[PDB]
Each structure stands twice: as C-alpha cells, then as structure tokens.
2 protein chains.
Amino acid sequence: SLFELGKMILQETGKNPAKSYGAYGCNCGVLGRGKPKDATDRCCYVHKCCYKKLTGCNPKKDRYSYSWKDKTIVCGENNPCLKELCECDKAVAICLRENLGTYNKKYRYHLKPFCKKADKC
Amino acid sequence: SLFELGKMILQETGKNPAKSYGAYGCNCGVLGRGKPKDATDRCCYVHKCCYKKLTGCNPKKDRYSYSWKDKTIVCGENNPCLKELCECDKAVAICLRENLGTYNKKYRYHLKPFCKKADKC
Ligand SMILES: CCCCCCCCCCCCC(=O)O
Ligand SMILES: CCCCCCCCCCCCC(=O)O
C-alpha cells in the first residue's frame with residue numbers, strides 16, 4: 001500500500017517520499033499518467049503501468065510484507081497479487097534512486113491537469 | 001552528533017535506532033562501556049573506543065556532513081576531527097546491520113549499572 005511504497009522510496013533514496021515525489025511531474029504520486037518530463041517521471045510512468053496488470057488487489061490500500069535485508073528490498077511471500085504489487089513498488093524505488101542525478105525541483109509540485117496525455121501502456 | 005549517528009543506523013539497519021540501540025547491552029547508547037554481551041554489543045564497544053581518539057570535537061553534539069549515495073554512507077570533507085567522527089559512526093552503523101541476525105530483544109533495555117567493567121581500549 002502507500003505505506004510500504006513510501007518506506008521503500010525513503011530507504012532507497014534517503015529522501016522524504018511525499019515531499020519529493022508525491023506530486024512530481026506528470027506521473028509520480030497522485031493522479032494518473034501523462035507524458036513524462038524526465039527520467040524520474042518515466043520511472044513513475046512505468047510503475048503506474050505496472051499497477052495496471054494487478055488483478056484483484058488494491059495498490060493504494062493493501063498492505064504486504066517485505067524486508068530491508070543487507071540494504072536491498074526483498075518482497076515477502078504474500079499472495080500472487082500482493083507479490084507483484086511489492087515487485088512494482090520495489091522497481092520504482094530503485095529507479096527513483098538511480099535517477100536522482102537528474103531530479104529537478106521545478107517539477108516537484110507539478111500542475112498535472114496541464115500534462116499532455118500518455119501513450120497506452 | 002547523535003542526529004547523524006541515528007540516521008546512519010536507520011539507513012543501514014532499517015530499525016528505529018533509539019528504540020533498538022539506545023540502551024542495548026552494556027555498550028550501545030547511553031552511558032560508557034562494559035563487557036559486551038554479544039556481537040551487536042561489541043560493535044558499540046568498538047564505536048565508543050573509536051570515540052576516545054577524538055579529543056578535539058564533541059561526538060554527541062557536533063554536526064558533520066555525509067550523504068547516502070547509492071545506499072552507502074559517504075563521509076563529507078569537514079575538518080579532521082569531524083571526519084574521523086563520521087568514520088566511527090559509519091562503521092558502527094554497518095556493524096549493527098551485519099549483526100542483526102543475532103540481535104537479542106532481551107538486551108534491548110539493559111540494566112547498565114550491573115555490567116562487568118570493560119577492558120581498556
Ligand atoms: C515513510 C513514507 C510513508 C508513506 C508515504 C507514501 C508516499 C508515496 C509517494 C508516491 C510517489 C512515487 C510514485 O508515484 O511511484
Ligand atoms: C533518526 C534518528 C535520530 C537520532 C536518534 C540517535 C540515537 C543514536 C542511538 C545510539 C546507539 C548506537 C551506539 O551506541 O553506537
């Protein structure tokens with residue numbers, strides 16, 4: 001759920017997730033997708049497309065277990081849907097950290113309604 | 001200072017530092033040293049002996065800079081004493097994470113005044 005997602009982002013990046021990524025660009029955080037602005041935003045585009053394959057579970061509210069083991073995110077067993085959910089979230093947290101070099105503060109609080117429409121996943 | 005030390009322990013172990021290590025065994029956290037109970041406690045014994053070499057700065061209150069860069073603690077330049085300080089702190093955080101497998105909850109709130117005296121550093 002959002003609680004696990006946010007924790008993973010903090011562990012990987014060292015940054016407060018709500019603040020750095022809760023409204024970044026056209027795809028990170030609240031709302032749906034749009035044309036990416038940069039590589040951090042493209043990480044969040046892939047992540048939202050990752051959620052589209054999740055069958056019956058709720059990406060926003062279902063909790064799942066994972067542990068931070070030798071500084072790596074390891075998705076616990078859980079059920080089929082929660083496992084894929086955890087795997088979506090781990091991959092966006094790693095991608096956000098990988099692209100910290102190009103993170104741009106000007107997109108931090110982006111006006112999402114003016115984004116160009118996104119391509120189909 | 002304590003703020004950097006706690007943050008490093010959280011980043012490496014994923015655990016709330018105050019709660020897990022603020023009074024652990026005979027050497028972690030408050031107070032001085034004593035005979036170690038286990039490997040977590042020996043990490044904190046080494047750490048406090050690391051602090052004894054620093055007489056030109058204050059391990060508890062002086063701030064210093066460091067960054068979490070690709071999930072590794074990197075001590076910033078700072079001055080001679082703060083650099084060594086950062087280096088003591090980085091090594092205890094890594095040691096505490098390495099010995100998480102044997103962490104024992106029975107020593108979490110240890111009665112330190114009954115510890116056997118420690119060997120000289
Ligand atoms: C410790 C953090 C508590 C939960 C905060 C959750 C905030 C999630 C931020 C989502 C942005 C990333 C993106 O959309 O993938
Ligand atoms: C985010 C944490 C805020 C600062 C909390 C500092 C607690 C430091 C705990 C010391 C225990 C480790 C030992 O003695 O090395």
Side-chain angles (χ1 to χ4, degrees), chain A residues 1-34 36 40-51 59-61 63 68 85 88-97 99 103 107-110 112, chain B residues 1-34 36 40-51 59-61 63 68 85 88-97 99 103 107-110 112:
Chain A
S1 67
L2 293 167
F3 296 102
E4 287 80 33
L5 175 56
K7 193 194 242 289
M8 278 181 189
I9 289 174
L10 205 200
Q11 294 170 135
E12 279 293 323
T13 70
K15 299 279 170 86
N16 175 324
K19 172 182 178 196
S20 292
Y21 303 103
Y24 188 109
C26 291
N27 298 270
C28 296
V30 291
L31 304 171
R33 304 183 293 127
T40 290
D41 206 25
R42 217 153 341 253
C43 298
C44 293
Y45 178 103
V46 168
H47 180 240
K48 274 173 175 160
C49 288
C50 196
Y51 278 175
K60 274 158 192 270
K61 322 237 173 76
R63 318 277 317 228
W68 178 245
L85 172 53
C88 294
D89 286 351
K90 174 185 173 160
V92 80
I94 289 170
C95 195
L96 298 168
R97 195 229 324 133
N99 290 286
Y103 179 90
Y107 299 126
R108 181 176 280 172
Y109 308 107
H110 199 70
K112 299 173 169 270
Chain B
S1 67
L2 293 166
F3 298 100
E4 286 75 35
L5 173 60
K7 189 195 241 295
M8 276 182 195
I9 290 171
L10 203 202
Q11 296 173 126
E12 280 291 321
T13 71
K15 303 275 170 91
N16 176 326
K19 170 190 184 192
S20 294
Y21 301 106
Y24 192 103
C26 290
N27 299 273
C28 298
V30 290
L31 303 169
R33 297 182 302 123
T40 290
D41 207 21
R42 220 154 339 255
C43 297
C44 294
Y45 178 100
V46 169
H47 181 241
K48 273 176 182 157
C49 289
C50 197
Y51 277 7
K60 278 159 186 273
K61 319 243 172 72
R63 320 273 320 224
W68 177 247
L85 175 51
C88 295
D89 289 350
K90 168 182 172 167
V92 81
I94 286 157
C95 199
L96 295 166
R97 192 234 323 141
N99 289 286
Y103 183 86
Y107 302 123
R108 175 178 285 169
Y109 306 107
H110 200 74
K112 295 170 174 266

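Lettering of chains follows the sequences in order, A, B, ..., and the numbering in each one begins at 1. Side chains included, hydrogens not; waters and symmetry mates left out as well; all remaining heavy atoms used. One-based numbering, in listed order, for ligands and for the atoms of each.
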Under 3.5 Å, is there a donor-acceptor pair between the B:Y103 and B:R108 side chains?
-> yes

Report, in ascending order of atom number, the atoms of ligand 1 lying under 4.0 Å from any heavy atom of A:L2.
-> 4 (C), 6 (C)

Please confirm whether A:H47 comes within less than 3.5 Å of ligand 1 when only nitrogen or oxygen atoms on both sides are compared.
-> yes

Which value, rounded to the nearest 0.5 Å, describes the distance between B:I94 atom CD1 and B:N99 atom CG?
-> 12.0 Å

When only distance counts, is B:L5 in polar contact with ligand 2, meaning an N/O pair under 3.5 Å?
-> no

Return yes if a side-chain donor-acceptor contact under 3.5 Å exists between A:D89 and A:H47, otherwise no.
-> yes

dist A:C95:SG -> A:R42:CZ (nearest 0.5 Å) comes out at 10.0 Å

Touching ligand 2 at all, B:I9? Heavy atoms, strictly under 4.0 Å?
-> yes

Determine, considering heavy atoms only, which of A:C28, A:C44, A:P17 sits nearest to atom 2 (C) of ligand 1.
-> A:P17

Starting from atom 5 (C) of ligand 1, locate the nearest protein heavy atom and write down its residue, its atom name and how far away it is, to 0.1 Å.
-> A:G6 CA, 3.8 Å

How are the rings of A:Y24 and A:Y107 set to each other: parallel, tilted or perpendicular (split at 30° and 60°)?
-> perpendicular

Distance from atom 13 (C) of ligand 1 to nearest protein heavy atom, with residue and atom | A:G29 N, 3.6 Å

Protein contact of atom 11 (C) of ligand 1 - nearest heavy atom, named by residue and atom, plus distance | A:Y21 O, 3.5 Å

Is the side chain of B:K48 donor-acceptor paired with the backbone N or O of B:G32 at a distance under 3.5 Å, no angle test?
-> yes

What atoms of ligand 1 come closer than 4.0 angstrom to any heavy atom of A:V92?
-> 15 (O)

pair check: B:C88 + B:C50, SG-SG < 2.5 Å = yes

